[PDB]
Every structure is written in structure tokens, then in C-alpha cells.
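**Q** Sequence first, structure after, both from an experimental entry:
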Amino acid sequence: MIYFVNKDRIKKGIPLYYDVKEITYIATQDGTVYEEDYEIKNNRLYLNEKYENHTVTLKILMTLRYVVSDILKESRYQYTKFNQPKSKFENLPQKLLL
Amino acid sequence: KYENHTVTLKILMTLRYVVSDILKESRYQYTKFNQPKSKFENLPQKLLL
Amino acid sequence: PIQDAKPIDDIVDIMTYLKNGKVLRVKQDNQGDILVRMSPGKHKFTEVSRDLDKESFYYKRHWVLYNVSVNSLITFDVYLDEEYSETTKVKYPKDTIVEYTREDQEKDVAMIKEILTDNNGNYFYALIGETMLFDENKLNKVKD
Amino acid sequence: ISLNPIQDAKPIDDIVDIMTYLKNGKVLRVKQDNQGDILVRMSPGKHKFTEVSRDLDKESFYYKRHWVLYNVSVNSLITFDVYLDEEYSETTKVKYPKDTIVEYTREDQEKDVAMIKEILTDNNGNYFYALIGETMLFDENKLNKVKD
Amino acid sequence: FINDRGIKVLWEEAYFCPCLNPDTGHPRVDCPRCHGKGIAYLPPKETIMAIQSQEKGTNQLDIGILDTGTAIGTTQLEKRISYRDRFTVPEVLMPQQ
Amino acid sequence: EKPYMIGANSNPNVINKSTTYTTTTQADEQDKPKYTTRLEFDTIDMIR
Ligand SMILES: [Zn+2]
């Protein structure tokens, strides 16, 4: 991802489009950036005044996530009776389209 | 004799083709067995004629 | 003599200078020259640059990480970036295959051992196994 | 206490001498880059044509070479080094052939490069090397080759 | 298995160049990092990778001929490739006219 | 006369062996053969 900095975003903190686990590589027009110049809090990024009107780009790692957009072959069933006091109903695995 | 006549022919011609695409274009092997050193060999291309 | 080259011999001195943070110039074979540097700050790691010219208001060097191999450093020649000279205007470079004739009119091959000049700009060359100096014309550049 | 010097298989560069030898019927050996080493021959008798064999050894009573007709190309001869089969042999595959520039350590601890002018062998089959400007003959281990 | 069936290949990661225009959001025509393309690249990493189904699909159009096709690759373990990463195979040469 | 004994090894060590690339050239060559069995259809039986 890439963001453009201005005199307002420097103080508020850059709102990131993605979440953050850790940062791989940062860069700008003046070159790379070190840990002494940037910090992250509550999934937003802060920079020092040296980059007031510079661009910043990041290679970032984020946790895998999914949502259930359909439920497919939704229910499969068995009257399990062997080695039971009485007939029992068990729901077998659903398949999800994530 | 055939100044204003029509003429028709049944004719035999050689088969011909052109390469209109190259498909599964490159396949490779580092052949090393029974060689002084590793060698690279290009396996057959498939052509859509 | 000429002050256009001051190669480093020991890799230990190279590492010592890298600890001091001074930039280095590392030659290559049939390939572009490289500059090498140690990153500042908390984390220490090597960085490289494909650019060579001096930093200025109109020219800035670009640095990126790379897993530099000690083999390159120990084998290839290394210089201090600030004190490197771009070129010495001589026909033959140092460590180049050359041909000549011995004192008994016998032809022999050799590599250049030293590159020298007088105060008037006339260039003299010394070959391996030959203490005497040779003219630029007397030498011959052997083809690879 | 040694064996006399051994001649290297001189490559032939001029096409004219190659063709003359071929017309004389003397066998030729062609080092193809892609598909190894082959023999080339002119057919005996009136029906003249070029023949090839991959029976890649000296002819022997127990090992007779078989010749297949082939349309050998001029360009093949020009671009590929060719040798007389009477010379090219396994006898001496010397690591540093004659006229090769090699790096040798002198007694003054100064490495010098010299061209091998003469090579010979001894009882043990070693490769004694003669370098221009020096009389003492060096050994295989002492020397070194510089490429490109 | 992967090291056996694969081919030596240079893996260079991709990242947006700083030279992008902050207002239009589109890149400079020429700069050292990226030659007009809006995406720069990191130093290469030597890698072995398997490749399949390589296709030189040609489309003939009013703008001209164009080479585009699908090639399916399979990496080693622990390697996390990213979108628009770049690979180059020095061994294999392609004819063009 | 003397007994035939194996003796010592002679192969030297080699490090960093590079692959061989077939060189492109317009010159002609000869395709090294293999002489062996051939498979064919029984065209007579196909007619049948
Ligand atoms: Zn750019």
C-alpha cells in the first residue's frame, strides 16, 4: 500500500486501509525508514516532521480472515444406533463457501 | 476452342500449415545422470497449427 | 607513483571500517560497480547502492538491503568511496595480460606489475619478472 | 630417465587443406558442439560421397568402424575445429596444452604468467611443463590457469 | 521434490515506487527505480520454482499483435509471494521478430 | 610380470560446477541415433 502525507495527516496519524501484524519494509523518496522515526498505535501510523510532504509506502503482513458468504451441502445426518442405549441423531460436517 | 466456355477442376495440393499459437511452450530438464556435469535440455513444444 | 588506488588487503580492516560506518566501493567483473554500507539505527544490516556519483543537491544515493556475501569482499577489490579515483589515463590497466620482448630478443607474456609516470606525463610500465621499465609502445595488449 | 616430448593434436583452420586431405581420403574428426565427436570420411571408389561414423576410436583388427552416408556441411567444418584422426587420441589429455598461458609461482614469491612452449612426460606419466624464460620444468600441481 | 522438478529463477518482490504523483495517483514516465511502470522492485533472490502450462497466447488487433498467456507455477515452502511479483528465467530464451 | 594392483585414486576435487547450455548456431549437425525396435499398426488388419 501507499499513502500521501500532508501537514494534517502527520499529527492525526495515517489511517491504514488494512490491519497490522508487523511491517516488512518502509520507503519514501529519501530512501528507507528506520524504527526511530515511525510508530504505530491502534492501527494508525505516525511519522516525524521530516516527511511533511513526502510519500510513504509499506509492505505489510496481516492475519488471514474470512466470512461465510454461503452455506453449501448444509446438513448431513446419521441416526447412530450401534453401541448406544438408544437411537441418537448427529449432525455431520457442514461445507462453507468463505 | 474454349474462348467463352466455363472450366472446372478437381485438384490435389500439398498440405501446409502455419503456427498460429505456441502452446505449453517450454518444458525443461536438468539432465545430470551419466553426464560430466549438469546439462539443460529443452523438451518438445506443442504448436497450434 | 600515482595516488589513484589504495586497495584494502585484510577483510578485518574492511569490517572495522564498516563498523565506523564509512562507505565502500566494490568492483565487479564485466558488471557495474557497487557501493556497500552498514545501516544505521537499532538494527544493523548491510545495504547496497547501484549508484556511484557523489551525493549532491541534484543527486542522491539509493540504499536497499541485501545479503552481501563475504566471498565477494575477500575476493573482489575494495576501496574507500570518498578517496577513490575514477580513472588513471593509461593505455593498459593494472593486472592486464600483456606481451613484450626480453633482453635477449625473446618474446614473452606477462601482466603489468606497476603503473608509473614521470613529471612530464610520460608513462612507464613494469612487468612481472622484469625489473626494468617499458615504454607504452614496447608493450602489446594481448587479446583475450 | 624420462620419455621424449609428445606432440599435441594441431587443429586445422584452413578449409583448403581440410578439403585436400578429404579428397586424399584421410580421415577427419569433427568436434561438434551440440552432439559430440564424430568421424568424417570420403567414400572410396567411383561413387564419391561423404560418410560419417561415430565408431570413435582408432581402427583395430577387433574393432572395425562402420560408415554412414551423410551430407556434411561446409559451415560445420568452418565453425567446428577439426583434427586428423591419426593424431587426436586419448594418449595425452593434458590439462594445460601447448601455447596456453598459465600462472606459475616463481622462487621470489611473485606469481607470473607464461606460455607453455614445450610439454613432455616421464616414466610415471607426469606432465613436465616448459615455460618461456625458465629452464627448470614445472609440474602439474604447481601451475594454475587463468581464464578470461 | 520442488528443488528436483523446479528451475532456477530470480525472485524479486514488488512495491509501489515513491515517484507516484500524489494528486493524480499515477507514476512518472521515467525514473531509475521503475521505468514508467508504477511499481518498483527489490533486489532479486535466487530461487528454484516449478512451472507448467506455459502459453504464448497471441492476440491480433487494430493496435497490433500482443503477447499474453498463462503460466502456472509452484513454489517452495515458507515463501509468501505477493501480487505483481516478478520472475525472470535466464536459462530459457524466447524468439521474437 | 608384476601383479596388477588398483593403487591410488586420481580424480581431483571440483567446486561450483556450472550447467551446460546448448549453444545456438546456424551450422549443420548430425543427430546421434538409437537403433531399436519400432512400433507400427497392422494396417492390413485395419482394412479387415
Ligand atoms: Zn518510480
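**A** Thanks, I have it. Residues are numbered from 1 along each chain as shown, chains lettered A, B, ... in the order given.

**Q** what's across from residue 15 in the sheet?
**A** Since no chain was named, I'll use chain A. residue A:44 (DSSP bridges).

**Q** try chain E instead
**A** Beta-bridge pairing of residue E:15 under DSSP bridges involves residue E:40.

**Q** Now do the contacts for it.
**A** A:25, A:27, A:57, A:59, E:39-42 (CB atoms under 8 Å, 6 or more residues apart in numbering or on different chains). Where you see a C-beta, it was placed from the backbone N, CA and C, and this is true even at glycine.

**Q** Give me the distance between the residue nearest the centre of chain F and residue D:34.
**A** Residue closest to the average C-alpha location in chain F (CA atoms, centre = their mean): residue F:32, at 8.3 Å. Going from residue F:32 to residue D:34 by CB to CB, to the nearest Å gives 9 Å.

**Q** And for the chain, the residue most distant from the center?
**A** Picking chain A for this. Of all residues in chain A (CA atoms, centre = their mean), residue A:85 lies farthest out, 48.2 Å.

**Q** switch to chain C, that's the one I care about
**A** Furthest out from the centre of chain C (CA atoms, centre = their mean) sits residue C:104, at 34.0 Å.

**Q** Leaving out chain neighbours, which residue sits closest to residue E:65?
**A** residue E:58 (6.1 Å; CB to CB, 6 or more residues apart in numbering or on different chains).

**Q** number of nearby residues for residue 7?
**A** Answering for chain A, as no chain was given. Neighbour count for residue A:7, taken as other CB atoms under 10 Å in any protein chain shown: 9.

**Q** I was thinking of chain F, sorry if that wasn't clear
**A** Neighbours of residue F:7 under the rule other CB under 10 Å: 6.

**Q** Which helix or which strand is home to it?
**A** Using DSSP states H and E, residue F:7 falls within no helix or strand.

**Q** gap between it and residue D:124?
**A** When residue F:7 is compared with residue D:124 (using CB to CB), they lie 11 Å apart.

**Q** Next: residue C:73.
**A** Residue C:73 is 42 Å from residue D:124, by CB to CB.

**Q** cool, residue C:72 as well?
**A** 40 Å.

**Q** do residue F:40 as well
**A** 57 Å.

**Q** For the residue in chain A that chain F sits nearest to, give the beta-bridge partners.
**A** Going by CB to the nearest CB, chain F is nearest to residue A:25 of chain A, at 31.3 Å. Residue A:25 has the following beta-bridge partners by DSSP bridges: residue A:59.

**Q** related to what we said a few turns ago, what about burial for the contacts of residue E:15, which qualify?
**A** Neighbour-count burial (16 or more other CB atoms under 10 Å in any protein chain shown) is assigned, among the contacts of residue E:15, to A:27, A:57, A:59, E:39-42.

**Q** how long is stretch A:50-64 end to end?
**A** 34 Å (CA to CA, to the nearest Å).

**Q** touching the ion at all, it?
**A** No - if you take CB under 5 Å from the ion as the test, stretch A:50-64 misses the ion, and the best it gets is 10.4 Å.

**Q** and the end-to-end length of stretch C:54-66?
**A** So stretch C:54-66: terminal residues 21 Å apart, CA to CA.

**Q** If you tally nearby residues, what's the number for the residue nearest to residue A:87 when sequence neighbours are not counted?
**A** Spatially, and ignoring its direct neighbours in sequence, residue A:87 is nearest to residue A:81 (5.0 Å; CB to CB, 6+ apart). Number of residues near residue A:81 (other CB under 10 Å) recorded here: 10.

**Q** Also residue C:78?
**A** Quick note: residue C:78 (other CB under 10 Å) scores 20 neighbours.

**Q** Nearest residue to it in space, please, no chain neighbours.
**A** Closest to residue C:78 by CB to CB, 6+ apart is residue C:8, at 4.7 Å.

**Q** Likewise for residue F:19?
**A** Nearest to residue F:19 is residue B:38, by CB to CB, 6+ apart, at 4.4 Å.

**Q** Skipping its backbone neighbours, what lies nearest residue C:32 in space?
**A** The nearest residue in space to residue C:32 (CB to CB, 6+ apart) is residue C:50, at 6.3 Å.

**Q** One more: residue F:18?
**A** residue B:37 is the one closest to residue F:18 (CB to CB, 6+ apart), at 7.5 Å.

**Q** Please give me every residue in contact with that neighbour.
**A** Residue B:37 touches F:17-20, counting by CB under 8 Å, 6+ apart.

**Q** cutoff 10 Å now
**A** By CB atoms under 10 Å, 6 or more residues apart in numbering or on different chains, the contact set of residue B:37 is F:14, F:17-20.

**Q** Chain C: which of the residues you listed is nearest?
**A** Closest to chain C, out of all of the contacts of residue B:37 and judged by CB to the nearest CB, is residue F:18, at 14.6 Å.

**Q** Just confirm the closest one contacts residue B:36, I think it does.
**A** No - with contact defined as CB atoms under 10 Å, residue F:18 does not count as touching residue B:36 (11.7 Å).

**Q** Phi, psi for residue C:71 please.
**A** Main-chain dihedrals, residue C:71, degrees, to the nearest 10: phi -60, psi -50.

**Q** now swap in residue A:9 and tell me
**A** phi -70, psi -20.

**Q** who's residue C:99 bridged to?
**A** Residues found in beta-bridge contact with residue C:99 (criterion: DSSP bridges) are residue C:109, residue C:140.

**Q** what about it, how many neighbours?
**A** 17.

**Q** Report the separation between it and residue C:127.
**A** For residue C:99 relative to residue C:127 (CB to CB), the value is 10 Å.

**Q** quick one: common contacting residues for those two?
**A** By CB under 10 Å, 6+ apart, the residues touching both residue C:99 and residue C:127 are C:108-110, C:139.

**Q** Kindly present those residues as JSON lines, with separate columns for neighbour count.
**A** Listed next are the shared contacts of residue C:99 and residue C:127 as JSON lines, based on neighbours: other CB atoms under 10 Å in any protein chain shown:
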{"residue": "C:108", "neighbour count": "19"}
{"residue": "C:109", "neighbour count": "20"}
{"residue": "C:110", "neighbour count": "23"}
{"residue": "C:139", "neighbour count": "19"}
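
**Q** show me what contacts residue C:29?
**A** C:75-76, D:148.

**Q** Spell out which residues of chain E are next to chain F.
**A** By CB under 10 Å from any CB of the partner chain, the part of chain E that sits against chain F consists of E:8, E:90-91, E:93.

**Q** List buried residues within those.
**A** The buried subset of the residues of chain E next to chain F - by 16+ other CB under 10 Å - is empty.

**Q** Could you list which of the residues you listed belong to helices?
**A** Applying DSSP state H to the residues of chain E next to chain F, no entry is found in helices.

**Q** near chain B too, which of those?
**A** E:8, E:91, E:93.

**Q** CSV for these, including distance to chain D?
**A** Listed next are these as CSV, based on distance: CB to the nearest CB, whole Å:
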residue, distance to chain D
E:8, 22
E:91, 16
E:93, 15
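
**Q** Which ones among these map onto strands?
**A** residue E:8 (DSSP state E).

**Q** Going by residue numbers, what spans are helices in chain F?
**A** F:43-47.

**Q** Would you tell me which residues of it are close to chain D?
**A** F:12, F:22-33.

**Q** The longest strand along chain E close to chain B?
**A** Across chain E, the strand with the greatest residue count (assigned by DSSP E) is strand E:45-52. Yes - Strand E:45-52 is in contact with chain B by CB under 10 Å from any CB, via E:50-52.

**Q** Chain F against chain B: which residues are in contact?
**A** Close to chain B, as judged by CB under 10 Å from any CB, chain F has residues F:14, F:17-22.

**Q** same thing but 6 Å
**A** Within chain F, the positions adjacent to chain B are F:17, F:19-21 by CB under 6 Å from any CB of the partner chain.
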